[PDB]
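Below, in structure tokens: the form deposited in one PDB entry, a single chain.
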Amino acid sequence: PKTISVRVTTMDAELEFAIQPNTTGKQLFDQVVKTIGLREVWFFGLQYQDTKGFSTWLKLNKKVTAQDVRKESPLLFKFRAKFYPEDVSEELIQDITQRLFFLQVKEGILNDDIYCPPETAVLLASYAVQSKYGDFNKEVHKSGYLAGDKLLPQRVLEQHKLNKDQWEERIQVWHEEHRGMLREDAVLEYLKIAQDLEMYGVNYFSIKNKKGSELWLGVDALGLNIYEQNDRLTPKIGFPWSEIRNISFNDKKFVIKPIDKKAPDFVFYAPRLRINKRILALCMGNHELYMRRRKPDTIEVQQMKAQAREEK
């Protein structure tokens, strides 16, 4: 009885199969990760477009068909990193995990979802090039060798007065600097640079304050940030976990209450009840992983890390 046609896409694979009508989110998730051979599953989730066309995370503790998925066939899901580590070097152990994060993060940088200044864009492109092409080779890598590739954000190409040959030269010089680097180490170096970007690993929600002024909430691995409507880079106010006594939710309102009782409460509003609920859930998830990564590695993790440096 496998009567529900699904398509799950990762950053570089497409899976098409059928599920039973009683299949839970977890069961669907488990089949995907088994198929692709991913073990570092804690970072990941399945995203779908609801009936209004909003991106939504599948809840793994509910049946698939009981959730606001659309009425198309096949049902369409994206398997994506949902939670980001505090440090890629310490926490992305296996090559597959590193690759999935690399491709997702790179897509966001090239699509201008994650802001990157031009110099960082160039350095990131140089590592992407090392990973794709291996060592720079003057014999082979003639002028124009990068001409096909999408290597920089359009904003960086729009806003500036270099041409595309001049952009290739910008990247080429750094490509040549990485000579001898293993392609996988280039992917790790990419992620090391990207994880320091202001927008990296931040989930933004449109909110208002108690006077009705528009702001953003960001939720990330370390806590919550409040941003000016016109600036998603520099937080107006930061709330690391350690400074939060509780968050009190009431319909569309959430109130951040400090540990410091001699500090004030901060009141904001989500545009919809469903969104406020999503804010809580993503806060709870992030905070759990925050606690977990500070505990000693599980046996499974200790073995994966051993298996990984065995492979050198």
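One-based numbering along the sequence shown. Heads up, when I say rigid core I mean the largest set of C-alphas that superpose within 1.5 Å between the two forms.
One more form of this protein should be noted, the form deposited in another entry, which is absent from this view; the next part is about it.
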| item | value |
| --- | --- |
| Mobile residue between the shown form and the other one, C-alpha criterion 2 Å or more, rigid core, from 287, 59, 39, 245 | 245 |
| C-alpha of residue 257 moved at least 2 Å between the shown form and the other one on rigid core | yes |
| Core-aligned CA displacement of residue 117 at least 2 Å between the shown form and the other one | no |
